[PDB]
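Only one chain is included here, represented as structure tokens and corresponding to the form deposited in one PDB entry.
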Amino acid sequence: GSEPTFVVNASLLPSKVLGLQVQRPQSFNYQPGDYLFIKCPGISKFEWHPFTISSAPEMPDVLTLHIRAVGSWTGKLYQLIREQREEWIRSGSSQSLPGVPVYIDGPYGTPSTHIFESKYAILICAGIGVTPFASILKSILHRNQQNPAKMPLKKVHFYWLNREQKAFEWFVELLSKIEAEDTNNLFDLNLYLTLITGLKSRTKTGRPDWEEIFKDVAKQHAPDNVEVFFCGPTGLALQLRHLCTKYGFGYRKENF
């Protein structure tokens, strides 16, 4: 469903990322991993772009999008949002900050939502590809504070790759909250720069040794099935696909 709504707040995070907060319509229900298409008439009256909903649907009045400035439309959105914020804060208030009007269409599903019904999962993501796993990790927390054993997911192995140390800041609060509340060791968090994070989990360096990682995760969960969920570059997808076949892991072709 297509509805007018508003960017009611934004943050400016490292590597040119917008942390948009968007007013959630009453009708709009989503599941973690879902994306939507957004139109910003101030940027283009006719163009729709897709973004992962980086918030969990248990958060009640806003959706969140983490949009990285990589080209024309995302660059213009970044520059509109920067300038509007630079201005209203040079020119105090009198009002609240006005919403940027936008239309949203969705939500749209992804097979990543099947994590909640998996026994053992590997999440692998690179850069802003983290966004659906940000939604999903937050959901996994809310759901364990609600129905403690009602979920069949027993172990989440998380691997987040970045070229730039500063990119870890997008979700370091969330990764910290996971390291606080994870007494029962549901999660194995793994950050690779390709610590200074400030987590108990030490930031590793270089391209991960995926052959050794798969060998280990297979050994831990045999003779059970492991599901690999991947959001990132296609060169990495080809390698993860060969490795999923070698060790009998679930894979969805999402990379062309």
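Residue indices: 1-based, along the sequence shown. Throughout, rigid core stands for the largest set of C-alpha atoms superposing within 1.5 Å between the two forms.
Although not depicted, the form deposited in another entry is the subject of the following passage.
Core-superposed comparison between this form and the one not shown: the C-alpha position of residue 13 differs by less than 2 Å.
Residue 166: CA moves 2 Å or more between this form and the one not shown after rigid-core fitting.
The rigid-core alignment places the CA of residue 139 less than 2 Å apart between this form and the one not shown. Shown here is a form in which the CA atoms of residue 70 and residue 234 lie at least 3 Å closer together than they do in that other deposited form. In contrast to the form presented, in that other deposited form the C-alpha positions of residue 183 and residue 145 draw closer by 3 Å or more.
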